[PDB]
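**Student:** Structure in structure tokens, see below.
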Amino acid sequence: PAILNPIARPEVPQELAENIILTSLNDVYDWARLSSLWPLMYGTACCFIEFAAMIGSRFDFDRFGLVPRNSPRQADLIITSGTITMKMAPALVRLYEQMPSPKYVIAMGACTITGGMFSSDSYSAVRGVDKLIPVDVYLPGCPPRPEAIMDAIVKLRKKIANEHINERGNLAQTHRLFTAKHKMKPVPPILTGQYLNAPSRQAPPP
Amino acid sequence: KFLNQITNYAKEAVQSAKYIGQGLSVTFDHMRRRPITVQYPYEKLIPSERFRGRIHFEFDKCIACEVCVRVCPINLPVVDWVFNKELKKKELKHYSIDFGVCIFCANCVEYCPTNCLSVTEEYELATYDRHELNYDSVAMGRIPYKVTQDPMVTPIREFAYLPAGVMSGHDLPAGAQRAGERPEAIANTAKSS
Amino acid sequence: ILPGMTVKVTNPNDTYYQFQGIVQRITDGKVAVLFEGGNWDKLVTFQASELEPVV
Amino acid sequence: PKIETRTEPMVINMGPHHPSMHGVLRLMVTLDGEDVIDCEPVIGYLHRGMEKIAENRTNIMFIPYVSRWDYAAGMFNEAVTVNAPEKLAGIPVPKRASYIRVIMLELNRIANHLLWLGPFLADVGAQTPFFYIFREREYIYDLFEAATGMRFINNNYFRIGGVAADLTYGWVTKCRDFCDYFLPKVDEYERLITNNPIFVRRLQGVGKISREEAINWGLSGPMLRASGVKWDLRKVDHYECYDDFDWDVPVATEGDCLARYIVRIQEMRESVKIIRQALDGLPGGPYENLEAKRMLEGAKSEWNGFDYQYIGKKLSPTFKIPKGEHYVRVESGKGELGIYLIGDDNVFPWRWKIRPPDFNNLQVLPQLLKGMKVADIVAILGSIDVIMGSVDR
Amino acid sequence: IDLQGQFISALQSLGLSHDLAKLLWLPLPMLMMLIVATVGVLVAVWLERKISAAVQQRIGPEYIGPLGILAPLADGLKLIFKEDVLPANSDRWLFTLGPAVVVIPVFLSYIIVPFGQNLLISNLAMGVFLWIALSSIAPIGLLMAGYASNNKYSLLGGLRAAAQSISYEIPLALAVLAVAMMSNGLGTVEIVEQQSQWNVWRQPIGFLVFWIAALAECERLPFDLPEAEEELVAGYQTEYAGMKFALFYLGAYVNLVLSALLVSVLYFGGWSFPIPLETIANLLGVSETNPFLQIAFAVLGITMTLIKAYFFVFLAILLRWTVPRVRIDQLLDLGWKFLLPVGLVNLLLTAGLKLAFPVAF
Amino acid sequence: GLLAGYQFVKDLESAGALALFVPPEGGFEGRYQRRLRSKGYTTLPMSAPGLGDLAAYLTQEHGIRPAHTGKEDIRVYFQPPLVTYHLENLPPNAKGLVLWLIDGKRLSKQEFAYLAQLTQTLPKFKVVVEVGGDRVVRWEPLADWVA
Amino acid sequence: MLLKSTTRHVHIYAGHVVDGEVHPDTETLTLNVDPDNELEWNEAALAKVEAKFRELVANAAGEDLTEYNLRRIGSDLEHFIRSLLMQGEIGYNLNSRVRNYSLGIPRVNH
Ligand SMILES: CCCCCCCCCCCCCCCCCC(=O)OC[C@H](CO[C@@H]1O[C@H](CO[C@H]2O[C@H](CO)[C@H](O)[C@H](O)[C@H]2O)[C@H](O)[C@H](O)[C@H]1O)OC(=O)CCCCCCCCCCCCCCCCC
Ligand SMILES: CCCCCCCCCCCCCCCCCC(=O)OC[C@H](CO[C@@H]1O[C@H](CO[C@H]2O[C@H](CO)[C@H](O)[C@H](O)[C@H]2O)[C@H](O)[C@H](O)[C@H]1O)OC(=O)CCCCCCCCCCCCCCCCC
Ligand SMILES: CCCCCCCCCCCCCCCC(=O)OC[C@H](CO[C@@H]1O[C@H](CS(=O)(=O)O)[C@@H](O)[C@H](O)[C@H]1O)OC(=O)CCCCCCCCCCCCCCC
Ligand code: SF4
Ligand code: SF4
Ligand code: SF4
């Protein structure tokens, strides 16, 4: 109990590389990667609109190479814009894990870094996305000026330019997985088609 | 019976061709106009006079009445007072605001009685660690950014500070004023006849 | 130019031209002027040369 | 590795990840060969609990919250939130504040219709107009950011006894400039678009509600006025400073996506008339003129009167709304907003309920998809102007 | 000059089995055309991103290189280093093969792109007909990308892609048919040498049909159905991540520079600075063995080919942001209901005019 | 000159506190941090606008007060010194610990002088402060650039 | 279809991972503590977490297999993980990854 929430204090110090050729090639590996980030077209709530304003002509993130992508397979950056309720939290983790490994996260708006104005007396909003996925950059503010989203992009580019090709080991998932039988009465799914063809829609009960 | 159908087909096809040619001409015209893009990192857009940025806190003016905590939508500002016993004076020990939870509605700045709390034009907050967004009583003053006093940024006014008739703020002279006269000037003119 | 004084802004190339405020804090040669007006007290930093200590 | 085709109705999930601006909506839809048998819309992916929050926040603490139900225009819902306790307390709003409120609501209606118009034209065509609305939608952002603190939503510019503060100095002239620069383009839209025969046959007869079924299904918005009902809460309720301006409540008769588009464009065009008619008639005119008159003679003169103030008496954050329920309403961009405030004796209300227009216009998604096509799903979605922020309550 | 003559002669001067020298030269043009195709792809990506920005009062990539010149390089190198995913129950071998079958025959059709006479890889006797035959393998690639997926989202996209690429193959062939009627043959050099003083002025309907059919090869926003983001997420591409997706991203712009060059050579001509240049006997140049005049006219021909290829690349990526999309059924009515009848009519008209007035045809 | 050697690390080891002048696009200074990290130095960037006295946060302890929002009456945390705690948690063969400050423009000349002086004492501790500026990634000792 | 409770450093599913897939089963309740390696683990701590998971899935379960109950189990597992991290049995990773202290900052236990 000396220091609560302690740190690792690891061993086997770095095993990093030094020769000029490999670091010069790492320079290109990191330049190609940070100057062509493709965000996922993913909005949930208010902040998305400012993100869309960041797409528009008034100031587009097309420069420094950002092209919004629809499927997560081609996306390498998810700018989480909007409040994430408990109904949709697993719908985000999925979209995050369903997306190639050299990937990044930006939590924009107050509702994705601490819960925001809903951090009190709300029973459905996830109080920050940092408890769902590994956020890289936080920008505060109900809807942040779309030249603050670009400031977050600057601070994310200067973080991407830091990576090391001799360090991509800290990029896989360890998968410490277990198993335990249960007895819990599987129920039928209550979410199917059958909205207008349902028998209760066609005639009132006697 | 069959000729009317064909004349309708022709009147539809030629119309669809003209209404594509017109759009083609409009788009080919659009690429002559100057881009409205505000090239942010080197052309930062100077904010308004009421823009609600980061909160600024003057430790010396605070009297610890906690109205900032009371009119806050989420009771955010942490105020730690101790109530010294000289005669009745409250003493401030730590004022803070978690700007990660902040909403930037500035109700706190509206109801500060002592003008101890103000808004700024710092919209460029971003960190790698949200625990670094909790501002001490000292990290809050810090003399705001002032985009204009930046050697690598050409400030660009927004639509409300451009002279009459002007729409964009890119190719602007060095002597423009907002839109009209201020009240003191109008009163001075009315003073002389 | 000292804190607490009421000042005006004399710089035709600024959005806060001919505004009047009160000096809240001065550090490193630059000042911070608070314009109490509208609804939310604004605070912006000016150089020591873009002011004038109005009486 | 395959999907094993079989002769059944196929169910497809246009799930929460909509790569568009139509919020988060799931829409499990089944189809029999490029038709629609029935769809089950799964709303709720943005329910943050505004109704339970409103019961625990005082009014000025809750007024920043409201700018979220139906993002866009984040001043309609501010207007109804201000009107709710204002009516119970019977607090009189001055006329200048009423004119500023009218101007803000009309600019917000224009912005709402622009935000609806962009992705609508995108889903029935090209992606360039999305870059044109946001060139035209920014000129209103930059007017809000002068008047109130921020851009669109999180303005909290409204107050119970009026409006948080007067306009800036060079504001009326610049709003005039914007109106004169924008009014030709609401018609330039119908010039560059709305006449492509392929584009008008696309939404010619897809989506349809009879006048007698839109009343039954409660489609308060322009979805009603597109079905031949000359009825908007601005002329039937005599909203605050109306009957002081000319009125052409636009209505179509067929009740289809094309009718919705036409009504929305004519309404966006009438909003500019309302704004230009109010601007020339503020109780005090532009704020620099009013301030000059007040500093020249308004020490005691009539220019310092109650009818020329931006607010009534400034109220404490402990307003303590009185006892007694009632239902308030405002004709927003998507139709009628409704707050069924109750209140018992204190600052915290009792059952602050929100009646959003999109929540009722969305009830006929299945009826409007009664076997139309698989392709006109997005057009019917865009014809309703769905905003999931107003589908949380 | 005849660089081939000099190469084979200087290589045979030191022995090396003269017949073997001719085998040691094939890689030279076989990779010069690869170089120009890759540069054309980079140019097409850059032009799209920088012209769509000008059309919309915007600025394209500007922080990559001086003018965003390095933007396609970055977008390619990123997709190289990206982790590739192969979903749970998808097939393992038709997956990694779709994006290659949709690409190999698009590259192979560069045999027939002239860039001036004696400046092309092996002017073939089948020429444009070989291209018509080779452009029919990509639908197999799309069906392969759709069949090898556990995603019913993307099988429906592969089907509607393979059903659009076959709808615009009959009119695309009936336009080249009318061109080959006048051209007396099928080889591209023999097709273009009939312009000795342009086919667009005598085939004003076949030009329209050819151009529309080529733009409707699942390429441009006029159609681009399997890429139409809003109606469906990327169609069949929705599951490819690294270089496998870059093969789609790349095989769609090379399939555009190719079509631009082909419209140029069919209806305009990769030669002929408009005046009948080869009647520049007024400078008394002995072209025949003029050591230069040869290089001067080579440069003129290359420039005149690239001008008219860039004209159509520009016009295609301009129509992308001008013409509204059609659902899928307004698309399949262009072919088989408007383009196929008009193609047949143009063919019959060219036949009637060639039988009646054999001069000028 | 489009590719850099290791002069940055030598200059940091010599001066102790540098003051970068990165271009305002932020993708061309990360390679210098990677050069630093490849030598043995460990970095930790903490976005200067958000630290306190810079002496209570770096050297001494300081009581962080989290955001109670109506619940959970005021509580302090006392997080350990952001430097003395990271000098103990260095990897086995670590050449030192350099401190990266992203938005150095917000600090004042007094705080810059303090950060410069702190490098001489407290041995295994260098400082880089990205004061905004020039269109090329140039550096300059932090003892200079002030007064 | 799967039924899962996926949060940071806890991932409960309703199937059996045979080689990397999931294969919904209706009684396996797999668990995937800390995939992204926010923390550094030991052999004793992982055993404690597995034991807690077992006594949480077995000793208290006769209810439905709705996603509500799966979330209710995952929440308790994550509270247990946070308690382990508070007591000091485990610690943050400190590696060159994102390093955002999602479970709290290090404090000094005054
Ligand atoms: C990414 C896209 C861009 C990337 C660039 C491509 C990478 C290559 C970079 C190297 C560039 C250096 C080459 C210098 C160009 C001059 C070489 C030339 O013109 O050589 C031409 C010769 C000509 O060949 C001979 O040409 C003769 C006559 O010309 C004939 O050419 C045509 C056929 O009839 C015409 O119709 C003409 O009338 C006709 O007479 C005969 O046809 C012979 O049979 C034939 O062998 O071919 C040859 O070796 C040419 C073979 C090499 C091909 C490379 C050409 C590159 C294009 C450069 C154009 C420069 C434009 C101006 C530059 C300055 C700016 C103003
Ligand atoms: C021991 C290990 C060995 C391993 C081998 C691997 C190592 C590789 C060796 C080095 C790599 C070099 C690669 C390129 C070198 C250039 C070779 C060349 O110059 O090769 C020359 C070739 C060959 O064709 C030329 O052909 C004529 C000769 O006739 C014969 O040439 C051809 C071959 O027979 C045809 O069959 C022709 O009909 C036939 O008659 C010429 O006079 C020359 O003799 C002959 O070489 O040129 C052509 O093929 C024409 C194609 C080029 C045309 C250029 C147009 C350029 C495009 C514009 C550039 C800008 C583009 C950017 C914008 C793009 C947007 C669209
Ligand atoms: C069919 C065949 C086809 C095959 C396909 C071909 C594949 C080609 C792959 C190679 C493409 C690489 C392009 C790189 C372009 C680029 O870097 O962008 C230019 C940018 C622009 O910024 C620059 O930076 C400078 C500022 S600053 O100092 O960096 O801050 C300043 O110069 C200005 O900002 C700008 O100029 O440069 C950088 O930002 C820094 C990145 C450093 C790049 C490393 C240098 C290249 C070395 C190559 C490796 C050689 C190894 C031996 C060396 C000892
Ligand atoms: S972060 Fe702010 S603006 Fe964005 S959705 Fe949440 S409350 Fe609205
Ligand atoms: S700043 Fe104002 S509201 Fe806050 S504690 Fe001080 S006096 Fe009270
Ligand atoms: S900005 Fe809003 S949340 Fe922050 S202290 Fe002021 S009133 Fe409270």
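Following the order of the structure tokens, first chain is A, next is B, and so on, with residues numbered from 1 inside each chain and ligands from 1 in the order they appear.
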Can you check which residues of chain B have any atom within 6 Å of chain C? Use only C-alpha atoms and format it as an MDAnalysis selection string.
**Tutor:** chainID B and resid 109:110 118:120 146
**Student:** Using only C-alpha atoms and all ligand atoms, tabulate the residues of chain A lying at most 9 Å from any atom of ligand 4, each with its closest atom pair and that distance in Å to one decimal, by chain and increasing residue number, as JSON lines.
**Tutor:**
```
{"residue": "A:44", "atom": "CA", "partner": "ligand 4", "partner_atom_place_in_ligand_line": "5 (S)", "distance": 7.3}
{"residue": "A:45", "atom": "CA", "partner": "ligand 4", "partner_atom_place_in_ligand_line": "5 (S)", "distance": 4.5}
{"residue": "A:46", "atom": "CA", "partner": "ligand 4", "partner_atom_place_in_ligand_line": "5 (S)", "distance": 4.0}
{"residue": "A:47", "atom": "CA", "partner": "ligand 4", "partner_atom_place_in_ligand_line": "4 (Fe)", "distance": 3.7}
{"residue": "A:48", "atom": "CA", "partner": "ligand 4", "partner_atom_place_in_ligand_line": "4 (Fe)", "distance": 7.1}
{"residue": "A:49", "atom": "CA", "partner": "ligand 4", "partner_atom_place_in_ligand_line": "4 (Fe)", "distance": 8.7}
{"residue": "A:50", "atom": "CA", "partner": "ligand 4", "partner_atom_place_in_ligand_line": "3 (S)", "distance": 8.5}
{"residue": "A:81", "atom": "CA", "partner": "ligand 4", "partner_atom_place_in_ligand_line": "4 (Fe)", "distance": 6.2}
{"residue": "A:82", "atom": "CA", "partner": "ligand 4", "partner_atom_place_in_ligand_line": "5 (S)", "distance": 3.9}
{"residue": "A:83", "atom": "CA", "partner": "ligand 4", "partner_atom_place_in_ligand_line": "6 (Fe)", "distance": 4.9}
{"residue": "A:84", "atom": "CA", "partner": "ligand 4", "partner_atom_place_in_ligand_line": "6 (Fe)", "distance": 8.7}
{"residue": "A:108", "atom": "CA", "partner": "ligand 4", "partner_atom_place_in_ligand_line": "1 (S)", "distance": 6.6}
{"residue": "A:109", "atom": "CA", "partner": "ligand 4", "partner_atom_place_in_ligand_line": "1 (S)", "distance": 3.5}
{"residue": "A:110", "atom": "CA", "partner": "ligand 4", "partner_atom_place_in_ligand_line": "1 (S)", "distance": 4.5}
{"residue": "A:111", "atom": "CA", "partner": "ligand 4", "partner_atom_place_in_ligand_line": "1 (S)", "distance": 4.1}
{"residue": "A:112", "atom": "CA", "partner": "ligand 4", "partner_atom_place_in_ligand_line": "1 (S)", "distance": 6.5}
{"residue": "A:113", "atom": "CA", "partner": "ligand 4", "partner_atom_place_in_ligand_line": "1 (S)", "distance": 8.7}
{"residue": "A:115", "atom": "CA", "partner": "ligand 4", "partner_atom_place_in_ligand_line": "6 (Fe)", "distance": 8.1}
{"residue": "A:116", "atom": "CA", "partner": "ligand 4", "partner_atom_place_in_ligand_line": "7 (S)", "distance": 6.4}
{"residue": "A:117", "atom": "CA", "partner": "ligand 4", "partner_atom_place_in_ligand_line": "7 (S)", "distance": 6.3}
{"residue": "A:118", "atom": "CA", "partner": "ligand 4", "partner_atom_place_in_ligand_line": "7 (S)", "distance": 7.7}
{"residue": "A:140", "atom": "CA", "partner": "ligand 4", "partner_atom_place_in_ligand_line": "1 (S)", "distance": 8.1}
{"residue": "A:141", "atom": "CA", "partner": "ligand 4", "partner_atom_place_in_ligand_line": "2 (Fe)", "distance": 6.5}
{"residue": "A:142", "atom": "CA", "partner": "ligand 4", "partner_atom_place_in_ligand_line": "2 (Fe)", "distance": 3.4}
{"residue": "A:143", "atom": "CA", "partner": "ligand 4", "partner_atom_place_in_ligand_line": "3 (S)", "distance": 3.9}
{"residue": "A:144", "atom": "CA", "partner": "ligand 4", "partner_atom_place_in_ligand_line": "3 (S)", "distance": 7.4}
```
**Student:** Which residues are close to residue A:157, i.e. within 12 Å by only C-alpha atoms, leaving aside same-chain residues fewer than 5 positions away? Reply as a ChimeraX atom specification.
**Tutor:** /A:30-37,64-66,77,104-106,136-137,150-152,162-163 /B:128 /E:63 /F:24-31
**Student:** Taking only C-alpha atoms and all ligand atoms into account, list the residues no farther than 6 Å from ligand 1, as a list in words.
**Tutor:**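 Sorted by chain and then by number, the residues are residues 1, 2, 3, 36, 39, 40, 116, 117, 118, 271, 278, 294, 295, 297, 298, 299 and 301 of chain E.
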**Student:** Which of chain G counts as alpha helix (DSSP H) under DSSP, as a ChimeraX atom specification please?
**Tutor:** /G:43-57,67-87
**Student:** Keeping only N, CA, C and O atoms, take the residues you just selected and write them out as a compact mmCIF listing (two decimals), in the first residue's frame.
**Tutor:**
```
# COMPACT_ATOMS: atom_id res chain seq x y z
N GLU G 43 1.29 -14.19 -12.28
CA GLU G 43 0.63 -15.49 -12.29
C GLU G 43 -0.40 -15.60 -11.17
O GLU G 43 -1.41 -16.28 -11.34
N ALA G 44 -0.16 -14.94 -10.04
CA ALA G 44 -1.09 -15.00 -8.92
C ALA G 44 -2.30 -14.12 -9.17
O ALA G 44 -3.43 -14.49 -8.83
N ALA G 45 -2.09 -12.94 -9.75
CA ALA G 45 -3.19 -12.01 -9.99
C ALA G 45 -4.16 -12.56 -11.03
O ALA G 45 -5.38 -12.45 -10.88
N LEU G 46 -3.63 -13.15 -12.11
CA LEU G 46 -4.51 -13.75 -13.11
C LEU G 46 -5.29 -14.91 -12.53
O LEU G 46 -6.46 -15.11 -12.88
N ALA G 47 -4.68 -15.68 -11.62
CA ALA G 47 -5.41 -16.75 -10.95
C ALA G 47 -6.51 -16.20 -10.06
O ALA G 47 -7.61 -16.77 -10.01
N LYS G 48 -6.24 -15.11 -9.34
CA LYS G 48 -7.28 -14.48 -8.54
C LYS G 48 -8.43 -14.00 -9.42
O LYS G 48 -9.60 -14.16 -9.05
N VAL G 49 -8.11 -13.42 -10.58
CA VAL G 49 -9.15 -12.94 -11.47
C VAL G 49 -9.97 -14.10 -12.02
O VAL G 49 -11.20 -14.02 -12.12
N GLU G 50 -9.31 -15.20 -12.38
CA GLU G 50 -10.05 -16.36 -12.86
C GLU G 50 -10.94 -16.93 -11.77
O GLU G 50 -12.08 -17.34 -12.04
N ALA G 51 -10.45 -16.97 -10.53
CA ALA G 51 -11.26 -17.49 -9.43
C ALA G 51 -12.47 -16.60 -9.18
O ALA G 51 -13.58 -17.10 -8.95
N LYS G 52 -12.27 -15.29 -9.21
CA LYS G 52 -13.39 -14.36 -9.08
C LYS G 52 -14.38 -14.56 -10.20
O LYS G 52 -15.60 -14.56 -9.98
N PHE G 53 -13.89 -14.73 -11.43
CA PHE G 53 -14.77 -14.95 -12.57
C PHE G 53 -15.60 -16.22 -12.37
O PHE G 53 -16.80 -16.22 -12.64
N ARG G 54 -14.97 -17.29 -11.90
CA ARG G 54 -15.68 -18.54 -11.68
C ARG G 54 -16.75 -18.39 -10.61
O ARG G 54 -17.90 -18.76 -10.82
N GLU G 55 -16.38 -17.84 -9.45
CA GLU G 55 -17.34 -17.69 -8.37
C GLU G 55 -18.41 -16.65 -8.69
O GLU G 55 -19.44 -16.62 -8.01
N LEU G 56 -18.18 -15.82 -9.70
CA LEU G 56 -19.18 -14.85 -10.14
C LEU G 56 -20.12 -15.42 -11.19
O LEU G 56 -21.28 -15.02 -11.26
N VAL G 57 -19.63 -16.35 -12.01
CA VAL G 57 -20.47 -16.95 -13.05
C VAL G 57 -21.22 -18.16 -12.50
O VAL G 57 -22.33 -18.47 -12.94
N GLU G 67 -27.94 -9.86 -22.44
CA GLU G 67 -26.71 -9.07 -22.40
C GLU G 67 -26.64 -8.22 -21.14
O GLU G 67 -25.55 -7.81 -20.72
N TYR G 68 -27.79 -7.94 -20.52
CA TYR G 68 -27.82 -7.22 -19.26
C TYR G 68 -27.03 -7.97 -18.19
O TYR G 68 -26.20 -7.38 -17.48
N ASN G 69 -27.26 -9.28 -18.06
CA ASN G 69 -26.57 -10.05 -17.04
C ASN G 69 -25.09 -10.21 -17.37
O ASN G 69 -24.25 -10.24 -16.46
N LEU G 70 -24.76 -10.31 -18.65
CA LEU G 70 -23.35 -10.35 -19.04
C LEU G 70 -22.63 -9.06 -18.66
O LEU G 70 -21.51 -9.09 -18.14
N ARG G 71 -23.26 -7.91 -18.94
CA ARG G 71 -22.70 -6.65 -18.48
C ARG G 71 -22.59 -6.62 -16.97
O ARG G 71 -21.63 -6.05 -16.42
N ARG G 72 -23.56 -7.20 -16.28
CA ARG G 72 -23.56 -7.18 -14.83
C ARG G 72 -22.42 -8.00 -14.26
O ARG G 72 -21.90 -7.69 -13.18
N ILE G 73 -22.00 -9.04 -14.97
CA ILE G 73 -20.84 -9.82 -14.55
C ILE G 73 -19.55 -9.09 -14.88
O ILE G 73 -18.61 -9.05 -14.07
N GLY G 74 -19.48 -8.51 -16.08
CA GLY G 74 -18.29 -7.78 -16.47
C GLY G 74 -18.00 -6.59 -15.57
O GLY G 74 -16.84 -6.30 -15.27
N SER G 75 -19.04 -5.90 -15.12
CA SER G 75 -18.85 -4.77 -14.23
C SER G 75 -18.21 -5.21 -12.92
O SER G 75 -17.31 -4.54 -12.39
N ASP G 76 -18.67 -6.34 -12.37
CA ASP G 76 -18.08 -6.83 -11.13
C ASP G 76 -16.64 -7.28 -11.33
O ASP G 76 -15.78 -7.01 -10.48
N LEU G 77 -16.35 -7.94 -12.45
CA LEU G 77 -14.96 -8.30 -12.74
C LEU G 77 -14.07 -7.07 -12.84
O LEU G 77 -12.93 -7.08 -12.37
N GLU G 78 -14.58 -6.00 -13.44
CA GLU G 78 -13.74 -4.82 -13.60
C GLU G 78 -13.57 -4.06 -12.29
O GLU G 78 -12.50 -3.49 -12.05
N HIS G 79 -14.58 -4.06 -11.44
CA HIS G 79 -14.38 -3.53 -10.10
C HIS G 79 -13.34 -4.34 -9.33
O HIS G 79 -12.52 -3.76 -8.61
N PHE G 80 -13.34 -5.66 -9.50
CA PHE G 80 -12.32 -6.47 -8.85
C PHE G 80 -10.93 -6.14 -9.40
O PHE G 80 -9.96 -6.07 -8.63
N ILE G 81 -10.82 -5.96 -10.71
CA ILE G 81 -9.53 -5.61 -11.30
C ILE G 81 -9.04 -4.27 -10.77
O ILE G 81 -7.86 -4.10 -10.45
N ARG G 82 -9.95 -3.30 -10.66
CA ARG G 82 -9.55 -2.00 -10.12
C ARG G 82 -9.13 -2.11 -8.67
O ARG G 82 -8.20 -1.41 -8.23
N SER G 83 -9.77 -2.98 -7.89
CA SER G 83 -9.35 -3.17 -6.51
C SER G 83 -7.96 -3.80 -6.44
O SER G 83 -7.13 -3.40 -5.61
N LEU G 84 -7.70 -4.79 -7.29
CA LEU G 84 -6.37 -5.37 -7.37
C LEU G 84 -5.33 -4.31 -7.68
O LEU G 84 -4.25 -4.29 -7.09
N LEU G 85 -5.65 -3.42 -8.61
CA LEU G 85 -4.70 -2.38 -8.99
C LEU G 85 -4.52 -1.35 -7.89
O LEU G 85 -3.43 -0.78 -7.75
N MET G 86 -5.56 -1.10 -7.10
CA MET G 86 -5.43 -0.18 -5.98
C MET G 86 -4.54 -0.76 -4.89
O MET G 86 -3.64 -0.09 -4.38
N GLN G 87 -4.77 -2.03 -4.53
CA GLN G 87 -3.94 -2.66 -3.51
C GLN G 87 -2.49 -2.79 -3.96
O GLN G 87 -1.61 -2.92 -3.10
```
**Student:** As an MDAnalysis selection string, please: all residues of stretch 32-73 of chain G that backbone DSSP puts in strand (DSSP E).
**Tutor:** chainID G and resid 32:33 39:40
**Student:** For the residues in that selection, give me N, CA and C atoms as an mmCIF file, in the first residue's frame.
**Tutor:**
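The file below, again_37.cif, is the result:
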```cif
data_model
loop_
_atom_site.group_PDB
_atom_site.id
_atom_site.type_symbol
_atom_site.label_atom_id
_atom_site.label_comp_id
_atom_site.auth_asym_id
_atom_site.auth_seq_id
_atom_site.Cartn_x
_atom_site.Cartn_y
_atom_site.Cartn_z
ATOM 1 N N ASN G 32 -11.516 -12.487 -21.453
ATOM 2 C CA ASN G 32 -10.322 -12.024 -22.159
ATOM 3 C C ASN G 32 -9.667 -10.845 -21.447
ATOM 4 N N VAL G 33 -9.389 -10.994 -20.148
ATOM 5 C CA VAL G 33 -8.885 -9.879 -19.347
ATOM 6 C C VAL G 33 -7.703 -9.202 -20.030
ATOM 7 N N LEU G 39 -2.239 -2.979 -18.397
ATOM 8 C CA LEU G 39 -1.609 -3.295 -17.127
ATOM 9 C C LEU G 39 -0.563 -4.378 -17.341
ATOM 10 N N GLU G 40 0.249 -4.612 -16.318
ATOM 11 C CA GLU G 40 1.187 -5.724 -16.306
ATOM 12 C C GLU G 40 0.706 -6.739 -15.284
#
```
**Student:** Ranking D:279, D:66, D:347, D:3 by minimum distance to chain A and counting only C-alpha atoms, which one comes first?
**Tutor:**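 Among the listed residues, the smallest separation from chain A belongs to D:66.
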**Student:** Name all residues at most 10 Å from residue G:97 (count only C-alpha atoms; drop same-chain ones fewer than 4 positions away) and give them as an MDAnalysis selection string.
**Tutor:** (chainID A and resid 134 136 163 167:168 170:171) or (chainID G and resid 36:38 93)
**Student:** All residues within 6 Å of ligand 3 are required, counting only C-alpha atoms and all ligand atoms; please report them as a PyMOL selection string.
**Tutor:** (chain A and resi 21+24-25+27-28+31) or (chain E and resi 34-35+65) or (chain F and resi 2-3+28+136-137)
**Student:** Let me see if you get this right: every residue at most 8 Å from ligand 6, counting only C-alpha atoms and all ligand atoms, written as a ChimeraX atom specification.
**Tutor:** /A:117 /B:55,68-69,71-77,97,99,101-109
**Student:** May I have the residues of chain E within 6 Å of chain A, counting only C-alpha atoms, written as a PyMOL selection string?
**Tutor:** chain E and resi 58+60-64+74-75+77-78+83+233+238-239+241
**Student:** Pick out the chain F residues within 9 Å of chain A. Count only C-alpha atoms. Give them as an MDAnalysis selection string.
**Tutor:** chainID F and resid 3:6 24:35 37:40 69:71 80 88:94 102
**Student:** Contacts of stretch 125-131 of chain D at 6 Å or less, counting only C-alpha atoms, minus same-chain residues fewer than 2 places along, as a PDB file with C-alpha atoms, in the first residue's frame?
**Tutor:**
```
ATOM      1  CA  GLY A  56     -16.469  21.324 -45.505  1.00  0.00           C
ATOM      2  CA  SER A  57     -14.852  23.988 -47.626  1.00  0.00           C
TER       3      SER A  57
ATOM      4  CA  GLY D 118     -27.347  19.083 -47.783  1.00  0.00           C
ATOM      5  CA  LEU D 121     -29.382  16.347 -52.059  1.00  0.00           C
ATOM      6  CA  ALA D 122     -26.379  14.106 -51.427  1.00  0.00           C
ATOM      7  CA  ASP D 123     -28.512  10.970 -51.048  1.00  0.00           C
ATOM      8  CA  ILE D 133     -24.420  24.297 -47.564  1.00  0.00           C
ATOM      9  CA  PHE D 134     -21.465  24.333 -45.181  1.00  0.00           C
TER      10      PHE D 134
ATOM     11  CA  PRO E 324     -26.077  12.850 -59.908  1.00  0.00           C
ATOM     12  CA  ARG E 325     -26.044   9.129 -59.261  1.00  0.00           C
TER      13      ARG E 325
END
```
